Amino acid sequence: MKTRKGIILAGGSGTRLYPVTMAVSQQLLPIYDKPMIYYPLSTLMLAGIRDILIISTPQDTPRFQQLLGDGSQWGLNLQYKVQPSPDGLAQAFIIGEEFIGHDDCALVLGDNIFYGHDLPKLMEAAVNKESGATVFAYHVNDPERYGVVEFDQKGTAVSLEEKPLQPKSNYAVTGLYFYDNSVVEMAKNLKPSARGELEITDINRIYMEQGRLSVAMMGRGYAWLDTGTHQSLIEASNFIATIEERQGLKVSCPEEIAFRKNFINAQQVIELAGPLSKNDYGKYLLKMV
């Protein structure tokens, strides 16, 4: 089956970004012209996923609801669930067990921003994979900060380690994952790691050992914009601004993607444009159709 459910994990207290995140959720922070979460949301929409569960903190979930509603305005079906404590990426599947049901599901971090050509085809295999899991590898300068995947000479991925002190490679596993239905029980069966979290890397290693993990390489022609510091956030906004102003197009605009993939029509677009017409956003949509 094609993966048609997705979860955006957008919780966390954001201590690493204080004081900016003392009174605004990290995933609501603007990346130039739109909140951060519009980017990973766009990534799921580009993969054809329209049924999505958003997980956030007790305090932030209602702000995401206020921003997005049930998503029907974009031809989506959005649901929300609260994560009491940030216990690890894998907890997303426990919290989302009912939402997932017996289907396949993708997980994307609310702060995962991708930009690049052919992202839909980069994700196509993952979306259509019969069983197992797919993750994406990206070369970074500081592998120690991420889940790291090692490849042998044939170029086959043969190991995964979470924040290794001596990375076996410079390839980090990104915040976009595709899983089959077995991930739910797999997650419920995990024990906390040394840092007290249900590790996504433990989930991935299981799939790998059973030969069910596909590691899709995301080439250097793609940008995976970091959002870990005040500096990286402003560099992400400038990057997106440089692209949009030059092209006269927006990057990860849900309304545009919904329209282009026919989740909604021109008429619906014109309505959505109304409340946004005081700036380039609403005008952009009207000009579009």
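One-based numbering along the sequence shown.
K.L.:
Out of 157-165 and 101-109, which stretch has the higher average CA B-factor listed in the record?
P.N.:
Comparing 157-165 with 101-109, the higher average CA B-factor belongs to 157-165.
K.L.:
Can you tell me which stretch has the higher mean Cα B-factor, 50-58 or 26-34?
P.N.:
Looking at the record's C-alpha B-factors, the answer is 50-58.
K.L.:
Of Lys188, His139, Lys121, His117, which one's C-alpha B factor is largest in the deposited record?
P.N.:
Of the candidates given, the C-alpha B-factor peaks at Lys188.
K.L.:
Which third of the chain holds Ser277 when residues are ordered by C-alpha B factor: lowest, middle or highest?
P.N.:
Top third by C-alpha B-factor.
K.L.:
Would the CA B-factor of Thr15 place it in the lowest, middle or highest third of its chain?
P.N.:
CA B-factor rank for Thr15: middle third.
K.L.:
Comparing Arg260 with the other modelled residues of its chain, is its CA B-factor in the lowest, middle or highest third?
P.N.:
According to the entry, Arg260 has a C-alpha B-factor in the chain's highest third.
K.L.:
Comparing against every modelled residue in the chain, figure out the third that the C-alpha B-factor of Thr174 lands in (lowest, middle or highest).
P.N.:
Lowest third, going by the recorded CA B-factors of the chain.
K.L.:
Quick check on the deposited entry: does the C-alpha B-factor of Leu76 sit in the lowest, middle or highest third of its chain?
P.N.:
Bottom third by C-alpha B-factor.
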